[PDB]
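K.L.:
Here you go, this is upload_22.cif (mmCIF, N, CA, C and O atoms).
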```
data_coords
loop_
_atom_site.label_atom_id
_atom_site.label_comp_id
_atom_site.auth_asym_id
_atom_site.auth_seq_id
_atom_site.Cartn_x
_atom_site.Cartn_y
_atom_site.Cartn_z
N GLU U 1 0.83 -1.19 0.00
CA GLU U 1 0.00 0.00 0.00
C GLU U 1 0.87 1.26 0.00
O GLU U 1 0.66 2.16 0.80
N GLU U 2 1.84 1.27 -0.91
CA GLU U 2 2.75 2.39 -1.02
C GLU U 2 3.71 2.18 -2.19
O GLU U 2 3.94 3.09 -2.99
N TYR U 3 4.26 0.97 -2.25
CA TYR U 3 5.20 0.63 -3.31
C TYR U 3 6.33 1.65 -3.38
O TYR U 3 6.18 2.70 -4.00
N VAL U 4 7.44 1.30 -2.75
CA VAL U 4 8.60 2.18 -2.74
C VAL U 4 9.82 1.39 -2.25
O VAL U 4 10.52 1.82 -1.34
N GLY U 5 10.04 0.25 -2.89
CA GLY U 5 11.17 -0.60 -2.53
C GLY U 5 12.49 0.14 -2.71
O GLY U 5 12.94 0.35 -3.83
N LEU U 6 13.09 0.51 -1.58
CA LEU U 6 14.35 1.22 -1.60
C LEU U 6 15.45 0.31 -1.06
O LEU U 6 16.62 0.44 -1.44
N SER U 7 15.05 -0.59 -0.18
CA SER U 7 15.99 -1.52 0.42
C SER U 7 15.72 -2.94 -0.09
O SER U 7 15.16 -3.11 -1.17
N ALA U 8 16.14 -3.91 0.70
CA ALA U 8 15.95 -5.31 0.34
C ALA U 8 14.73 -5.86 1.07
O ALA U 8 14.67 -7.05 1.37
N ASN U 9 13.78 -4.97 1.33
CA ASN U 9 12.56 -5.36 2.02
C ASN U 9 11.91 -6.53 1.28
O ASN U 9 11.67 -7.58 1.87
N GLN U 10 11.65 -6.30 0.00
CA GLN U 10 11.04 -7.33 -0.83
C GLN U 10 11.96 -8.54 -0.95
O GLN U 10 11.49 -9.67 -1.11
N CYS U 11 13.25 -8.27 -0.86
CA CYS U 11 14.25 -9.33 -0.95
C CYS U 11 14.95 -9.45 0.40
O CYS U 11 16.18 -9.52 0.47
N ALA U 12 14.14 -9.48 1.45
CA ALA U 12 14.67 -9.59 2.80
C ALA U 12 14.18 -10.89 3.43
O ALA U 12 13.64 -10.89 4.53
N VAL U 13 14.39 -11.98 2.70
CA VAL U 13 13.98 -13.29 3.17
C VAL U 13 15.14 -13.94 3.92
O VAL U 13 16.31 -13.68 3.62
N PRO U 14 14.78 -14.80 4.91
CA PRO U 14 15.77 -15.50 5.71
C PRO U 14 16.42 -16.63 4.91
O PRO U 14 17.28 -17.35 5.43
N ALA U 15 15.99 -16.76 3.66
CA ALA U 15 16.52 -17.79 2.79
C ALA U 15 15.70 -19.07 2.97
O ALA U 15 15.60 -19.88 2.05
N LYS U 16 15.12 -19.21 4.15
CA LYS U 16 14.31 -20.37 4.46
C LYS U 16 12.86 -20.10 4.04
O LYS U 16 11.96 -20.87 4.37
N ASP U 17 12.68 -19.00 3.33
CA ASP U 17 11.36 -18.62 2.87
C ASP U 17 11.43 -18.22 1.39
O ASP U 17 10.55 -17.53 0.89
N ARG U 18 12.49 -18.67 0.74
CA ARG U 18 12.70 -18.37 -0.67
C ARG U 18 11.77 -19.23 -1.53
O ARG U 18 11.62 -20.42 -1.29
N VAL U 19 11.17 -18.58 -2.52
CA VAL U 19 10.26 -19.26 -3.42
C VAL U 19 11.02 -19.69 -4.68
O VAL U 19 10.46 -20.35 -5.55
N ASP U 20 12.28 -19.29 -4.73
CA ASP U 20 13.13 -19.62 -5.87
C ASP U 20 12.40 -19.24 -7.16
O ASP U 20 11.50 -19.94 -7.61
N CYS U 21 12.83 -18.11 -7.73
CA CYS U 21 12.23 -17.63 -8.96
C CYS U 21 12.72 -18.51 -10.11
O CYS U 21 12.07 -18.59 -11.15
N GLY U 22 13.85 -19.16 -9.88
CA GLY U 22 14.43 -20.04 -10.88
C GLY U 22 14.89 -19.25 -12.10
O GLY U 22 14.11 -18.98 -13.01
N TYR U 23 16.17 -18.89 -12.08
CA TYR U 23 16.75 -18.13 -13.18
C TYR U 23 18.16 -18.63 -13.51
O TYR U 23 18.87 -19.10 -12.62
N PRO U 24 18.52 -18.50 -14.81
CA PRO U 24 19.83 -18.94 -15.27
C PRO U 24 20.92 -17.95 -14.83
O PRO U 24 21.65 -18.21 -13.88
N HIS U 25 20.98 -16.84 -15.55
CA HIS U 25 21.97 -15.81 -15.25
C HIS U 25 21.40 -14.85 -14.20
O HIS U 25 20.87 -13.79 -14.54
N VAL U 26 21.53 -15.25 -12.94
CA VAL U 26 21.04 -14.44 -11.84
C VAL U 26 22.18 -13.57 -11.31
O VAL U 26 23.30 -14.04 -11.13
N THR U 27 21.85 -12.30 -11.08
CA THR U 27 22.83 -11.35 -10.58
C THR U 27 22.14 -10.27 -9.75
O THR U 27 20.91 -10.18 -9.73
N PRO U 28 22.98 -9.45 -9.07
CA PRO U 28 22.47 -8.37 -8.24
C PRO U 28 21.97 -7.20 -9.10
O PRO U 28 22.17 -6.04 -8.75
N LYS U 29 21.33 -7.56 -10.21
CA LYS U 29 20.80 -6.56 -11.12
C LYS U 29 20.06 -7.26 -12.26
O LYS U 29 18.99 -6.82 -12.67
N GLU U 30 20.66 -8.34 -12.74
CA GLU U 30 20.08 -9.10 -13.83
C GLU U 30 18.92 -9.95 -13.31
O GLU U 30 17.89 -10.08 -13.98
N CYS U 31 19.12 -10.51 -12.12
CA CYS U 31 18.10 -11.35 -11.51
C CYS U 31 16.96 -10.45 -11.03
O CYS U 31 15.80 -10.86 -11.01
N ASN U 32 17.33 -9.23 -10.67
CA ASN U 32 16.35 -8.26 -10.19
C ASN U 32 15.85 -7.42 -11.37
O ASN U 32 15.03 -6.52 -11.19
N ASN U 33 16.38 -7.74 -12.54
CA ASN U 33 16.00 -7.03 -13.75
C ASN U 33 15.00 -7.87 -14.54
O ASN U 33 14.02 -7.34 -15.08
N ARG U 34 15.27 -9.17 -14.59
CA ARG U 34 14.41 -10.09 -15.31
C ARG U 34 12.98 -10.02 -14.76
O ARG U 34 12.02 -10.24 -15.49
N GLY U 35 12.90 -9.72 -13.47
CA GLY U 35 11.61 -9.62 -12.81
C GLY U 35 11.55 -10.53 -11.58
O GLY U 35 10.93 -11.59 -11.61
N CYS U 36 12.21 -10.09 -10.52
CA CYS U 36 12.25 -10.85 -9.28
C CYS U 36 13.28 -10.20 -8.36
O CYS U 36 13.63 -9.04 -8.52
N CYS U 37 13.74 -11.00 -7.40
CA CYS U 37 14.73 -10.52 -6.44
C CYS U 37 15.97 -11.41 -6.55
O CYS U 37 15.87 -12.58 -6.91
N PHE U 38 17.11 -10.82 -6.24
CA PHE U 38 18.37 -11.54 -6.30
C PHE U 38 19.02 -11.63 -4.91
O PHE U 38 18.53 -11.02 -3.96
N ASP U 39 20.10 -12.39 -4.85
CA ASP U 39 20.81 -12.57 -3.60
C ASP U 39 22.02 -13.48 -3.83
O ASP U 39 21.96 -14.40 -4.64
N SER U 40 23.09 -13.19 -3.10
CA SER U 40 24.31 -13.97 -3.22
C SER U 40 24.87 -14.27 -1.83
O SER U 40 26.02 -14.69 -1.70
N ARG U 41 24.04 -14.04 -0.83
CA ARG U 41 24.44 -14.29 0.55
C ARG U 41 24.86 -15.74 0.73
O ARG U 41 25.91 -16.02 1.31
N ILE U 42 24.02 -16.64 0.24
CA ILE U 42 24.29 -18.06 0.34
C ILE U 42 23.78 -18.76 -0.92
O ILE U 42 22.67 -18.48 -1.39
N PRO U 43 24.62 -19.69 -1.45
CA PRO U 43 24.27 -20.44 -2.64
C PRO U 43 23.23 -21.51 -2.33
O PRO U 43 22.33 -21.77 -3.13
N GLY U 44 23.39 -22.12 -1.16
CA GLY U 44 22.47 -23.16 -0.73
C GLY U 44 21.03 -22.83 -1.13
O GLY U 44 20.32 -23.69 -1.65
N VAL U 45 20.65 -21.59 -0.86
CA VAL U 45 19.31 -21.14 -1.19
C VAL U 45 19.29 -20.61 -2.62
O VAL U 45 20.34 -20.45 -3.25
N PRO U 46 18.05 -20.33 -3.12
CA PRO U 46 17.88 -19.82 -4.47
C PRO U 46 18.28 -18.34 -4.55
O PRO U 46 17.46 -17.46 -4.30
N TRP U 47 19.54 -18.12 -4.89
CA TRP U 47 20.06 -16.77 -5.01
C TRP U 47 18.92 -15.86 -5.47
O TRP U 47 18.64 -14.84 -4.84
N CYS U 48 18.29 -16.27 -6.56
CA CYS U 48 17.18 -15.51 -7.11
C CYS U 48 15.87 -16.09 -6.57
O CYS U 48 15.51 -17.22 -6.90
N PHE U 49 15.21 -15.30 -5.75
CA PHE U 49 13.95 -15.72 -5.15
C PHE U 49 12.88 -14.63 -5.28
O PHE U 49 13.21 -13.47 -5.54
N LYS U 50 11.64 -15.04 -5.10
CA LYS U 50 10.52 -14.11 -5.20
C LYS U 50 10.61 -13.10 -4.06
O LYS U 50 11.34 -13.31 -3.09
N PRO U 51 9.85 -11.98 -4.22
CA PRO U 51 9.84 -10.93 -3.21
C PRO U 51 9.03 -11.36 -1.99
O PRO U 51 7.83 -11.62 -2.10
N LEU U 52 9.71 -11.41 -0.85
CA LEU U 52 9.06 -11.79 0.39
C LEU U 52 7.62 -11.30 0.38
O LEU U 52 7.35 -10.15 0.03
N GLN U 53 6.72 -12.18 0.79
CA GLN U 53 5.30 -11.85 0.83
C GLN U 53 5.05 -10.74 1.85
O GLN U 53 4.55 -10.99 2.94
N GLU U 54 5.42 -9.52 1.46
CA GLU U 54 5.24 -8.37 2.33
C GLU U 54 3.85 -8.39 2.96
O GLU U 54 2.84 -8.36 2.25
N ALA U 55 3.83 -8.44 4.28
CA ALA U 55 2.58 -8.46 5.01
C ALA U 55 2.79 -7.88 6.41
O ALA U 55 3.93 -7.74 6.85
N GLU U 56 1.69 -7.56 7.06
CA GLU U 56 1.74 -7.00 8.40
C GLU U 56 0.48 -7.36 9.18
O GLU U 56 -0.62 -6.91 8.83
N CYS U 57 0.66 -8.15 10.22
CA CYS U 57 -0.45 -8.57 11.05
C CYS U 57 -0.22 -8.05 12.47
O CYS U 57 -0.99 -7.24 12.98
N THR U 58 0.86 -8.53 13.08
CA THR U 58 1.21 -8.12 14.43
C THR U 58 2.61 -8.61 14.79
O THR U 58 2.93 -9.78 14.63
N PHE U 59 3.42 -7.67 15.26
CA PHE U 59 4.79 -7.99 15.65
C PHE U 59 5.49 -8.79 14.55
O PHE U 59 5.38 -10.02 14.51
#
```
Could I get this file's structure written as structure tokens?
P.N.:
Amino acid sequence: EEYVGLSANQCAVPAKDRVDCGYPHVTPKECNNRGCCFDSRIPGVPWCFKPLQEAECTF
């Protein structure tokens, strides 16, 4: 209800919540350019993953 991704909010997953966008040439710009979120923190997880299901209920 604002849309203004300035940080890695959308891409602020613990890695254990990655939906894996599934991309070949994923990068900190290309993966986020193709249409999704990128990450290189850990390979184990899907470097390129969907944007955390931004939500707010309580705490």
K.L.:
Fewer than 6 positions away in the same chain doesn't count, so skip those; otherwise give me all residues within 4.5 Å of residue 50 (chain U), counting only N, CA, C and O atoms, as a list in words.
P.N.:
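Near residue 50 (chain U), the qualifying residues are residues 10, 19, 20 and 21 of chain U.
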K.L.:
Evaluate the PyMOL selection byres ((chain U and resi 45) around 8) on the structure here and hand back the selected residues as a list in words.
P.N.:
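Answer for the PyMOL selection byres ((chain U and resi 45) around 8): residues 14, 15, 16, 18, 20, 39, 40, 41, 42, 43, 44, 46, 47, 48 and 49 of chain U.
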K.L.:
Which one of U:35, U:1, U:23, U:13 sits closest to residue 56 (chain U) if you count only C-alpha atoms?
P.N.:
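Ranked by minimum distance to residue 56 (chain U), first place goes to U:1.
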K.L.:
Could you tell me how far atom N of residue 36 (chain U) lies from CA of residue 51 (chain U), in Å and to one decimal?
P.N.:
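So the two atoms, atom N of residue 36 (chain U) and CA of residue 51 (chain U), lie 7.7 Å apart.
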K.L.:
Return as number ranges by chain the full set of residues in chain U whose backbone-based DSSP assignment is alpha helix (DSSP H).
P.N.:
U: 31-34
K.L.:
Give me, please, the distance in Å between CA of residue 7 (chain U) and CA of residue 53 (chain U), quoted to one decimal.
P.N.:
14.9 Å
K.L.:
For a quick check of understanding, using only N, CA, C and O atoms, which of U:58, U:33, U:26, U:38 has the smallest distance to residue 11 (chain U)?
P.N.:
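Among U:58, U:33, U:26, U:38, it is U:38 that comes nearest to residue 11 (chain U).
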K.L.:
Report, in Å with one decimal, the straight-line distance from CA of residue 34 (chain U) to atom N of residue 57 (chain U).
P.N.:
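Between CA of residue 34 (chain U) and atom N of residue 57 (chain U) the gap is 29.1 Å.
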K.L.:
Any chance you could turn region 3-14 of chain U into a file with N, CA and C atoms, as a short mmCIF file (atom, residue, chain, number, x, y, z; two decimals), in the first residue's frame?
P.N.:
```cif
data_model
loop_
_atom_site.label_atom_id
_atom_site.label_comp_id
_atom_site.auth_asym_id
_atom_site.auth_seq_id
_atom_site.Cartn_x
_atom_site.Cartn_y
_atom_site.Cartn_z
N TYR U 3 4.26 0.97 -2.25
CA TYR U 3 5.20 0.63 -3.31
C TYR U 3 6.33 1.65 -3.38
N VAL U 4 7.44 1.30 -2.75
CA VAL U 4 8.60 2.18 -2.74
C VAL U 4 9.82 1.39 -2.25
N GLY U 5 10.04 0.25 -2.89
CA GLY U 5 11.17 -0.60 -2.53
C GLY U 5 12.49 0.14 -2.71
N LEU U 6 13.09 0.51 -1.58
CA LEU U 6 14.35 1.22 -1.60
C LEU U 6 15.45 0.31 -1.06
N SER U 7 15.05 -0.59 -0.18
CA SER U 7 15.99 -1.52 0.42
C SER U 7 15.72 -2.94 -0.09
N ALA U 8 16.14 -3.91 0.70
CA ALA U 8 15.95 -5.31 0.34
C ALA U 8 14.73 -5.86 1.07
N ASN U 9 13.78 -4.97 1.33
CA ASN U 9 12.56 -5.36 2.02
C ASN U 9 11.91 -6.53 1.28
N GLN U 10 11.65 -6.30 0.00
CA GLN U 10 11.04 -7.33 -0.83
C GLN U 10 11.96 -8.54 -0.95
N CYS U 11 13.25 -8.27 -0.86
CA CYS U 11 14.25 -9.33 -0.95
C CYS U 11 14.95 -9.45 0.40
N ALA U 12 14.14 -9.48 1.45
CA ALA U 12 14.67 -9.59 2.80
C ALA U 12 14.18 -10.89 3.43
N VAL U 13 14.39 -11.98 2.70
CA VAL U 13 13.98 -13.29 3.17
C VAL U 13 15.14 -13.94 3.92
N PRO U 14 14.78 -14.80 4.91
CA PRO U 14 15.77 -15.50 5.71
C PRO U 14 16.42 -16.63 4.91
#
```
